[PDB]
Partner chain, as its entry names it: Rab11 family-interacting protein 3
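Next up: just one chain, as structure tokens, the form deposited without the partner chain.
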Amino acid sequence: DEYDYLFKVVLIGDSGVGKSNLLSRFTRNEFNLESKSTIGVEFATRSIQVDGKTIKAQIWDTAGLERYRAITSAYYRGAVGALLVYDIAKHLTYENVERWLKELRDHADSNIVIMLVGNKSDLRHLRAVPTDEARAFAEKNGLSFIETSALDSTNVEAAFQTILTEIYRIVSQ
């Protein structure tokens, strides 16, 4: 039936980090090793309750490839939240998180809630970004932080549920 809120959230990050599987995990509890590059944008939705209120989240899975980065930025418009994702096992993807946040201070609301996400925590032995270094950078820049595995599903629910809650109580007064 009725929601109290409709929160528009975007997923951004380098190509390959797992955005589309975070989304598929979170909205239909599905994952896949084989992948199709996200062409432009993909849409999915899921409703949750925080502090007694039904919030329907509208998630836009953007695509990290640059071919499409003119058209992803279109959808940054009026989004309340953004999951900024990097692959824990591929250092370069973490290096680009700085350029991915300037990307929000050009095409998106200047008062948006951001969570940094280290994805692929299941690849323990390939880890190229230590959890401590990341979380340090996270709050130096006023971002919330979590590590997920879309594959085994660790923290995927938590990640979304955290950012949606954080959002839901910025709005009040």
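Residue numbers count along the first chain shown, from 1. Residues that one form lacks are left out of the comparison. We call the rigid core whatever largest set of C-alpha positions still superposes within 1.5 Å between the two forms.
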If you average the Cα B factors in the entry, which is higher, 104-112 or 32-40?
104-112
Using only the Cα atoms and their B-factors as the entry lists them, report which of 117-125 and 42-50 averages higher.
42-50
Going by the CA temperature factor in the entry, name the top one among 92, 89, 71, 84.
71
Name the third of the chain's ranked CA B-factors that contains residue 147, choosing lowest, middle or highest.
lowest
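There is another form of the same protein, the form solved in complex with the partner chain; it is not shown, and what comes next is about it.
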Residue 112 within 4.5 Å of the partner chain in the entry with it bound, heavy atoms
no
Although the partner isn't part of this model, could you tell me whether residue 136 comes within 4.5 Å of the partner chain in the entry with it bound, counting any heavy atom of the residue?
no
Does the partner chain come within 4.5 Å of any heavy atom of residue 107 in the entry with it bound?
no
At the 4.5 Å heavy atom threshold, is residue 49 in contact with the partner chain in the entry with it bound?
no
May I ask whether 141, 143 and 168 all come within 4.5 angstroms of the partner chain in the entry with it bound, judged by heavy atoms?
no
Answer among 105, 67, 124, 28 for the CA shift between the shown form and the other one that reaches 2 Å or more, rigid core superposed:
67
Note whether the distance between the C-alpha atoms of residue 68 and residue 22 decreases (closer) or increases (farther) in the entry with it bound, against the displayed form; the change is 3 Å or more.
farther
Answer with closer or farther for the CA-CA spacing of residue 100 and residue 70 in the entry with it bound compared to the shown form; it moves by 3 Å or more.
farther
Where does the protein shift between the shown form and the other one, taking runs of 3+ residues with every CA moved 2 Å or more once the core is matched?
65-70, 72-74
